[PDB]
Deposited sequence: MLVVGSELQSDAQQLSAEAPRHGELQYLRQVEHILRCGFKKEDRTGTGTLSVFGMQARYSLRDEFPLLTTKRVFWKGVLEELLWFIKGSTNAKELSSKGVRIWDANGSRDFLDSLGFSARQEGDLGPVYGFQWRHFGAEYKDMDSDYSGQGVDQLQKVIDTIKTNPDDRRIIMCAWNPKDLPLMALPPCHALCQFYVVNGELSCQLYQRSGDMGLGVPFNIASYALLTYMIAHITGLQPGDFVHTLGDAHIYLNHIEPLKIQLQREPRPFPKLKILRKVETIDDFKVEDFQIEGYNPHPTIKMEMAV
């Protein structure tokens, strides 16, 4: 059974049993609270095929997280503009960060991952050795104590929340080792099923591939856990069309050289093989 069917079953379940729920963007949703899917990472990569996923954005965003950057312009300069609106002059001013340069998102994911608890000044400051390097801690624990049941990386920081351009969505993840296989579970508090969730799945599956490579393990499962799983009201008709498509076999992800530390990965080390998504289809809520 194709792993993508779990995602399609979730979409189906929301369209059939979700409740109408108003939301921040004013678009309105159909919503279910509490969902879980399991995507195998064993000799395949769960890049969804019934609608193309912006893989270049997935990879560049994750590398940007890993170097701890909070500058939207540093991601934009790679051709990936997904964070640009949240670092714009007008958006930053609406939140009262007039003293911030354009692009300064505040202490969002990459900062929390690499420097949790350090004091947030601006995006150009030097934070070397400041705060808790959760990402390296996870990697070290996987190597020395793979049975550990507390291998956690948490972007949800209640103290830093008011400094962030947006509150963390993919809020907490946990790693797990058994039978030589590394698995990862993401707690995602809020999931745009049509446009966001496929990207999120690829993002954390990639992270698991990267950490498995660094630690000499084989990728196991990505477990995707949702809080508010929702379909925006203007996605119902496109998704009903998407749901009639049969998934194509997932692609593979190849890592093209031996990499020793998480910081040393670069875009050219990765190749998605055999990705043949169905032809395109959706308006994004703001």
{"property": "Missing segments of the deposited chain sequence, listed N- to C-terminal", "result": "1-20, 302"}
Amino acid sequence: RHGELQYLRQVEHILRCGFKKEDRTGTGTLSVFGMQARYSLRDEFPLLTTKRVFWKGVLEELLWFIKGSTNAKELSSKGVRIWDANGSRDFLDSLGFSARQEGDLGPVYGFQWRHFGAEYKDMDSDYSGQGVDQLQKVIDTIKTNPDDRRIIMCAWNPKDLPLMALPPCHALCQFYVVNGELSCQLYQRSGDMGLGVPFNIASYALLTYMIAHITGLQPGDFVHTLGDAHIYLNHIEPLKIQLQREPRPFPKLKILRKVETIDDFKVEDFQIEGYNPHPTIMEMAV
From here on, numbers count along this sequence of modelled residues.
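In this text, rigid core is short for the largest set of C-alphas that superpose within 1.5 Å between two forms.
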item	value
Core-fitted comparison in 8 other deposited structures of this protein, 103-111 vs 89-97, farther C-alphas	89-97
Greater Cα displacement in 8 other deposited structures of this protein once the core is superposed, comparing 177-185 with 77-85	77-85
Mean Cα B-factor comparison, 124-132 or 76-84, giving the higher one as deposited	124-132
Stretch with the higher entry mean CA B-factor, where the candidates are 208-216 and 186-194	208-216
Peak C-alpha temperature factor (PDB record), options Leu30, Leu62, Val259, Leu48	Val259
Member of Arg42, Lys67, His230, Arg38 with the greatest C-alpha B factor (per the PDB record)	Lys67
Entry-reported Cα temperature factor of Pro146, expressed as the chain third it lands in	middle
Modelled-residue ranking by C-alpha temperature factor, third containing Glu119	highest
B-factor third for the C-alpha atom of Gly106 within its chain	middle
CA B-factor placement of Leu239, once the chain's modelled residues are sorted into thirds	middle
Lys20 CA temperature factor, ranked by third within the chain	lowest
